[PDB]
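I have placed the structure first, in the form of structure tokens, so that the comments after it can refer back to it.
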Amino acid sequence: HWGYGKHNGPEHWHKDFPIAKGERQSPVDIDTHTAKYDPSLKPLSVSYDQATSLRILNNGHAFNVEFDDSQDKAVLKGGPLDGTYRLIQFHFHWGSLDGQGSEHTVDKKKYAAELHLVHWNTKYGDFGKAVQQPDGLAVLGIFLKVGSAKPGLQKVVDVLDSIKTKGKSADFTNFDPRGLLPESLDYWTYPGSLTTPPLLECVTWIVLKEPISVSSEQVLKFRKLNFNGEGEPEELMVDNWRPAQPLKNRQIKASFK
Ligand SMILES: COC(=O)CNc1nc(Cl)nc(Nc2ccc(S(N)(=O)=O)cc2)n1
Ligand SMILES: [Zn+2]
């Protein structure tokens, strides 16, 4: 029953998911002047050359591009992470207007959208077990701003017509997520949570400093998706972001000076 509307949105989630008011909730505002450089943080290792995308799904909250995570084919390692984390899916959060849409903010600045590449720690065997652990997931967050087109995003944009409504999926093979990355892998990192129910506190967040640029046409196509199912009254899938939550007893660390 949860969603992003007036009557079921982020301010309501705590009633079904009390952890919404927990000690390590996400997203957060990244105060760039207060984040501390940690010279011991290793470079990120993003190894996506053998990635196998399978399917794209409108789940009624966003759309997920899903990967074969039954082998170490696309993995994230290094940075703040111990061990190997396997890519299971990516998705986005976006706004109704270019001035909002991201979940994380940077010195209170909101971006037009935010990409989340979701990975789970292989020491826990599968995603369902991983989300029950404090170090179960690593989500790589990348901001989107509107300007020039991102060529590597276009194959995603062009399949969206086929998954307009909740519960629709389409084959989506041979998609290379490397085409969604910015040049720099400089990042901030902190311990947090899933930003949708069940809001589990299982995520090491790694948020890249450098945004990617996407075109106005590309983000306009995100905004044509529907939260509703086929045959139901049309509700545009926009503003599917949770606002910044209290940092509480956490320090955001930076990989860069
Ligand atoms: C209906 O139940 C489910 O879908 C549970 N299975 C499942 N599978 C994936 Cl790939 N992600 C998720 N949840 C999920 C993953 C990532 C995030 S986010 N926005 O913190 O990156 C928020 C929610 N659940
Ligand atoms: Zn997300």
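Considering segment 79-94 alone, what residues qualify as being within 16 Å of ligand 1 (Cβ to nearest atom) and part of a loop (DSSP other than H, G, I, E, B)?
Passing the criteria: only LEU81.
List the residue pairs whose Cβ atoms are under 6 Å apart, where the first residue sits in segment 112-134 and is closer than 22 Å to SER96 by Cα, the second is assigned to a loop (DSSP other than H, G, I, E, B) and away from ligand 2 (no atom under 16 Å from the Cβ), and the two are 6 or more positions apart or on different chains.
Listed pairs, sorted by first residue: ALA112/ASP98.
Run down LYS221, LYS209, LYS253, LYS248 and say which single residue is touching a helix residue (DSSP H, G or I) at 6+ places or on another chain (Cβ under 6 Å) and more than 16 Å from ligand 2 (Cβ to nearest atom). Please lay out each step first, then the result.
Numbers: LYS209 fails: touching a helix residue (DSSP H, G or I) at 6+ places or on another chain (Cβ under 6 Å); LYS253 fails: touching a helix residue (DSSP H, G or I) at 6+ places or on another chain (Cβ under 6 Å); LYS248 fails: touching a helix residue (DSSP H, G or I) at 6+ places or on another chain (Cβ under 6 Å).
From the options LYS221, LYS209, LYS253, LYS248, the qualifying one is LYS221.
Being within 10 Å of ligand 1 (Cβ to nearest atom), within 16 Å of the chain's Cα centre (by Cα) and not aromatic (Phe, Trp, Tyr) is the filter; apply it to segment 120-137 and report the residue that is surrounded by the fewest Cβ atoms within 10 Å (Cβ to Cβ).
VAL131
Just checking, how many residues over segment 173-187 are closer than 25 Å to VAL207 by Cβ, away from ligand 2 (no atom under 16 Å from the Cβ) and either acidic (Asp, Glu) or in contact (Cβ under 8 Å) with a residue 40 or more places away in the chain (or both)?
Residues of segment 173-187 closer than 25 Å to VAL207 by Cβ: 175-187.
In the following step, the residues that additionally are away from ligand 2 (no atom under 16 Å from the Cβ) were identified as 175-176, 178-179, 181-187.
So of that shortlist, the ones also either acidic (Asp, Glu) or in contact (Cβ under 8 Å) with a residue 40 or more places away in the chain (or both) come out as 175-176, 178, 181-183, 185-187.
Matching residues across segment 173-187 total 9.
Which condition breaks for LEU97 when tested against (1) more than 26 Å from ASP239 (Cβ to Cβ); (2) away from ligand 1 (no atom under 12 Å from the Cβ); (3) out of contact with any helix residue (DSSP H, G or I) (no Cβ under 6 Å at 6 or more places or on another chain)?
(1)
Does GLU210 count as out of contact with any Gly (no Cβ under 6 Å at 6 or more places or on another chain), charged (D, E, K, R) and within 16 Å of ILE30 (Cβ to Cβ)?
On the way: out of contact with any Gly (no Cβ under 6 Å at 6 or more places or on another chain): yes; charged (D, E, K, R): yes; within 16 Å of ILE30 (Cβ to Cβ): yes.
The answer is yes for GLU210.
If the requirement is being under 18 Å from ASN64 (Cβ atoms) and either charged (D, E, K, R) or under 18 Å from the mean Cα position of the chain (by Cα) (or both), which of these qualifies: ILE206, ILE142? If you could, list the steps in order and put the result at the bottom.
Working: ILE206 fails: under 18 Å from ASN64 (Cβ atoms).
On inspection, the qualifying residue turns out to be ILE142.
Scan segment 96-149 residue by residue and report those that are farther than 11 Å from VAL203 by Cβ, assigned to a strand (DSSP E or B) and not aliphatic (A, V, I, L, M). Before you say what the answer is, go through the steps one by one.
Applying the first criterion (farther than 11 Å from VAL203 by Cβ) to segment 96-149 yields 96-115, 117, 122-129, 132, 142-149.
Within this subset, residues satisfying the condition of being assigned to a strand (DSSP E or B) are 105-106, 109, 113-115, 117, 142-146.
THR105, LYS109, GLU114, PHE143, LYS145, listed by residue number.
Is there a residue in segment 34-41 that is of a type in the set (A, V, I, L, M), buried (at least 20 other Cβ atoms within 10 Å of the Cβ) and outside any helix (DSSP H, G or I)? Let's see the steps before the verdict.
If we filter segment 34-41 for residues that are of a type in the set (A, V, I, L, M), which is where we start, we get 35, 41.
Those left that are additionally buried (at least 20 other Cβ atoms within 10 Å of the Cβ): none.
The answer is no, given that none of the residues of segment 34-41 is of a type in the set (A, V, I, L, M), buried (at least 20 other Cβ atoms within 10 Å of the Cβ) and outside any helix (DSSP H, G or I).
Would you be able to say whether some residue in segment 234-241 is of a type outside the set (S, T, N, Q), closer than 22 Å to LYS109 by Cα and free of Cβ contacts under 8 Å to residues at least 40 places away in the same chain?
No, that holds for no residue.
Please work out which one of (1) among the aromatic types (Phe, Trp, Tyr); (2) in a loop (DSSP other than H, G, I, E, B); (3) in contact with a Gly (Cβ under 8 Å, 6 or more places away or on another chain) is the condition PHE256 fails and give its number.
(3)
Looking at (1) in contact with an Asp or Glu (Cβ under 8 Å, 6 or more places away or on another chain); (2) crowded, with 19+ Cβ neighbours inside 10 Å, can you tell me which one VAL28 breaks?
The single condition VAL28 does not satisfy is (1).
Could you tell me which residue of segment 193-207 is farthest from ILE30 (Cα to Cα), considering only residues that are part of a strand (DSSP E or B) and more than 8 Å from ligand 1 (Cβ to nearest atom)?
Keep residues of segment 193-207 that are part of a strand (DSSP E or B), which gives 203-207.
In the following step, the residues that additionally are more than 8 Å from ligand 1 (Cβ to nearest atom) were identified as 204-207.
Values: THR204: 15, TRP205: 12, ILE206: 12, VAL207: 9 Å.
Among those residues, the one meeting the criterion is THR204.
Tell me, which residue of segment 23-67 that is of a type in the set (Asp, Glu) and away from ligand 2 (no atom under 16 Å from the Cβ) is nearest to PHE90 (Cα to Cα)?
Only one residue fits best here, namely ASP49.
Could you count how many residues in segment 1-25 are touching a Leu at 6+ places or on another chain (Cβ under 9 Å) and crowded, with 18+ Cβ neighbours inside 10 Å?
Residues in segment 1-25 being touching a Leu at 6+ places or on another chain (Cβ under 9 Å) and crowded, with 18+ Cβ neighbours inside 10 Å: 3 in total.
As a convention, Cβ positions derive from the backbone with ideal geometry for all residues, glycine included, and neighbour counts pool all protein chains shown. Just so you know, all these numbers are worked out from the coordinates, no wet-lab data involved.
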